[PDB]
Structures are given as C-alpha cells and as structure tokens.
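Below is one structure, written out as structure tokens, with a few remarks after it.
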Number of protein chains: 2
Amino acid sequence: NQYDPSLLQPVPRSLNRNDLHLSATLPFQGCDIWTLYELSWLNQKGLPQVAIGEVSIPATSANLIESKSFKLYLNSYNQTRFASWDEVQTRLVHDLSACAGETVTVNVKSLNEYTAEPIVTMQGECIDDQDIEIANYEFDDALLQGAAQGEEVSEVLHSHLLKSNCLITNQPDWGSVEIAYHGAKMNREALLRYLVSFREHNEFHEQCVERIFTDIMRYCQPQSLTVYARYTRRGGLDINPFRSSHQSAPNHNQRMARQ
Amino acid sequence: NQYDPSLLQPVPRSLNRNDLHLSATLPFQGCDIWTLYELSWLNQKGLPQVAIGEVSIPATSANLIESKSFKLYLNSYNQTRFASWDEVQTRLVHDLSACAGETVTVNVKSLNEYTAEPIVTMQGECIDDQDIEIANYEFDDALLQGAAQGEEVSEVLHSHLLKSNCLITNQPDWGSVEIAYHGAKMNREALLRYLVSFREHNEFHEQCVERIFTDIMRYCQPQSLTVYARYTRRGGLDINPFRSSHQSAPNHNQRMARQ
Ligand SMILES: Nc1ccnc(=O)[nH]1
Ligand SMILES: Nc1ccnc(=O)[nH]1
Ligand SMILES: [Cl-]
C-alpha cells in the first residue's frame, strides 16, 4: 500500500520497432501522451488528495512503461502520505523518467482546473461517413497499396473507428486517429478499410501508431506525415501516441468524447 | 461475437436493501444513471458505428444489472450488423428494461453531439479543503452520530474523495458525491470523515449511495435529503446513483473531471 517506485516495468521500444523493420535512425519523432484520471495520495495529515496527471514520454526513449505496472505503481500512492503536491509531481517525474530512460514531463492538475473545459474533436475531415461494404476485419497493410494516386494535396483526415484487441487481455481497445499529410491524395475508402482491418487484430497502442505511420510512408510516400491516435482509458489511464516527420508534439492534451 | 440479449445478469435490489434494514416501502426515490462510453456495432454494410449511450434505470426496479454482464452484453454488438441507429436503441431499451424489470430509458448519441460540451463540477460547497488528521480508513456509520447539531439550514455539500474497493476485484472505485439537505446543520468534519471511512472498505456503487442516504437520514434526520454520487468508469461504463426523498432524477448527465 505504500509508495514503491520498484513497481514500474519498462518495455524496450526496440522490440516492436525491430518488427516494423525500423533502424537505429528514426523515421519519426514525437511522444506518448498519457492521462492519469485516478491519481490519488494522502496529505501529511492522512486526508486523501485527488488530481489528474498528464504525462508526456519522448518517442525516442529507450523504453515505454508497461501499462499494468504503471497502474500498480500509481496505486501505491493511494495510501501513502506526501507533504505537498509538488513532492508528488517530483516523484512522478523522476520515476517515469528513470523507467522510460529519458526525461518525461508531468503535470499534476487539481480537478477544479478542468471546470468548463470543452470536449474537443480532431482536426481535419472525418472519413467514417462512407457507404462502403466491409470485407476484412483481419489486418492487411497492403490495403494502402495504390491508395495515393492523385494531385499533391495538404489534408488532415480522421476516423473514430480504430479498434484492436489488447495482446494481453484480448478485450477491445478503442480509439480515434488523426492523419495529417502533404503528398499525393490518399484514397479514403482504402484508408478507412486499412483502419478497420485492425478491428479483430492484436495490437499495442504505441506499436499501432508507429505501424500506421510506416505503412502510410511506405505505400503513399507523402512529403510529410503526422499520425496521432487518442485511445480511451483502461484502468484509469489513457494513451495518446503522436508520431510525426516534423512536429514533436501536438498543441494540447484535450480530451475527446469517448475518453 | 453476435448480439446476445441472454448475456445480461440481474441482481435483486432486495439483497442489499435487506442489509440496510429497508422495507417494502422505500424511503427514497431516484435512479441509476449509466454512461456507455464504448458502444459500437456494425451498419448493414459492415462498417463500424460508434456512439455514447446514456441509460437511466429506476431505483424502484426489482433488479439492477450485473456490471460484468452489462459489459459482455455490450461487447456482443461489436460484430453484429444492425440496419439503423434506432434499431440499436430499441434493442438496448428492451433488454435493459427486461433485465431490470421496469422501463429503462436509453439515449444513443453520436460523438459529434459531445463537441464543445463542458466538464461540470458538482453543486454546493466542496468540503475536502479541511485541515483535519485522518484516523480511519475502516468504515464506521456512527461517524455521523451527533453530526447534526445546529440551526436548521438548506445546504448542498460535496466531496471528490469517495473511494471504496469493488467487492469482486478489490481495486479501488473512485467517485464524487453531492449531498443536498434541509435540516440541522451537519458537521463537515464528521461528514468528511464518514466519507473517507469508505476508503478501504468493500462496497458496491448503488449499495453505497443507498447506505449514505439511510445513515444520514438515521443520524442527522433532515427534513429532506438527496444523495448523488458520480463514479469513474470501469470497462467502458460508469454508474451515477441518485437517491432522494423528493426529486426523482438530476437535471442532466454531464460528466465531471475524472469521469
Ligand atoms: N501494456 C502496454 C499497453 C500499451 N502501452 C504500453 O506502454 N504498455
Ligand atoms: N457488479 C456491479 C457493480 C456495480 N453496480 C452494478 O449494478 N453491478
Ligand atoms: Cl477500465
């Protein structure tokens, strides 16, 4: 029940990226943004404190943090006294930075800081309003083959239809994904079908955004590209991987409808 | 994977209420409001659809619905084709009504209906900003003994500090609770301590709001009382039990910061 930094568990980013056939020199930059909805500890008099945490881990870090460990580690704060909120933020910064292996930023925000904050949508045009018949729910990266055959355009497209099963639990993981690019026009039927083909496939969040990035770069060869997914929480935590050929982070961490 | 109304599981409301020593004639009215964050099915062409559901179950119903069943039942929609959104809403209304045993209302809302909706706080004065030393985290209803000893007032008090372990999983369940009353002034230290004493205790949401109601009525004897808790989601679903001596439902189902 007492605070225990030894609970966290790293996962090497290299494993997954060795699978996308990715080098020691990265095609993307960016970050993994996490929202910690159920962050709670005790003050020095034993009264519970509650807050929301917002964390950003560099995509260049050696490790990401094993989700179930991130969760037990947050749990250990629940019955531990800390004298001030800054103490808590200091601990979160240190431990998450040490686990991931690169400085991680952490904001600890009190709940009143969320009063009147609006729900946001994604940028760009939603592509989910298509009258197409759906074939696959098994994955197929070659769904993007031939998808970019137009005039060179600057677009942002998004879909709320991304879903995949957790490698571990096999329950669905739900998300919206935003794809900004400059290059030959992407066919929206192909792209939507590509996204939908994740449905019954087993995938991990960070792994997912990186695969979408590398498949689009491969198949559609834009000049520039950004892929950003925003997933709904599991066990009090949500993950929002951002990967770009030029931008290092999104402008804010505002929540979407399902999050 | 296909839609299966047989998945739902009722739990008699009478079991819990036989434990609060409550009669066949109810001291409260109200409802259980649920938000279904991850509601998804296929259209008649096999393309996924996503929505948020908002459900209200009468507190007078014979049963509530076993949470893990509610969850598997929603899952069964995920790979099932339905020709229209209204078909889906019709099915949800029927099945949840049949399970609970009284008409349940259901709204199925598209995600764009949430664009720009604000995060709300609770009504009344927060009582969590107290410089008191905390003793218990084991439950004690008699924490309210002697708590109401003032002038007769009309107040609304709320706390974001409600937490208890799930009877099943023993992980914490997190919530904010809003207490509106007219009657002798409640001591805020007592009330806060009473609420905090749920922390390490094992409780069920609906059971929890009903116990807070009956303990306050017992110990503090207000003329009128409303207890409303809003919990954070588990497995895509949140529960918001509302119990009142005069009001049958809250004015809206707007989400709070942690939800
Ligand atoms: N288990 C995990 C799932 C998703 N992201 C992680 O970092 N870890
Ligand atoms: N298992 C459950 C937990 C909370 N509420 C329910 O209705 N069921
Ligand atoms: Cl969850």
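Virtual Cβ from ideal backbone geometry, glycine too; neighbours counted across all protein chains shown. Each reported figure results from applying straightforward, stated rules to the coordinates on display, with no laboratory input.
What's the center-to-center distance, using Cα atoms, between the range B:224-259 and the range A:64-112 in Å? First find each Cα centre; the distance between them is then 29 Å.
In the range A:1-116, the convex hull through the Cα atoms has an average projected area of 8.0 nm², a quarter of its surface area.
Chain B holds its axis-closest Cβ, relative to the rotation onto A, at the residue and whole-Å distance B:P118, 3. Placing unit charges on the Cβ atoms only, positive for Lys and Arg and negative for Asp and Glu, gives the protein assembly as shown a dipole magnitude near 440 debye about its Cα centre. Once the Cα-Cα distance is subtracted from the 0.36 nm per residue extended length, the B:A24 to B:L72 segment shows a gain of 14.1 nm. Summarise the long-distance tail of P(r) for the protein assembly as shown by giving the % of C-alpha pairs beyond 35 Å. In whole percent, the share of Cα-Cα pairs in the protein assembly as shown beyond 35 Å is 38. Spin-label model, B:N107/B:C166: points 7 Å from Cα along the beta carbon direction are separated by 2.7 nm. Other protein chain C-beta atoms within 10 Å of residue C-beta, averaged over B:117-130: 3.
If the chain between A:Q9 and A:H252 were fully stretched, how many nm would it gain, using 0.36 nm times the residue separation less the Cα-Cα distance? Mind showing how you got there, number by number?
Working: separation 243, 0.36 × 243 = 87.48 nm, distance 2.71 nm.
Gain on extension, A:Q9 to A:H252, equals 84.8 nm.
Normalised by the number of residues in the range A:121-259, the mean separation of alpha-carbon contacts (under 8 Å, six or more apart) gives a relative contact order of 26 percent.
Each other copy places its own label point for A:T60 at 6.5 nm from this one, sorted shortest first, where the point lies 7 Å along the Cα-to-beta carbon line. Inter-label distance, B:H94 to B:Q149: 5.9 nm, where each label sits 7 Å from its Cα along the C-beta direction.
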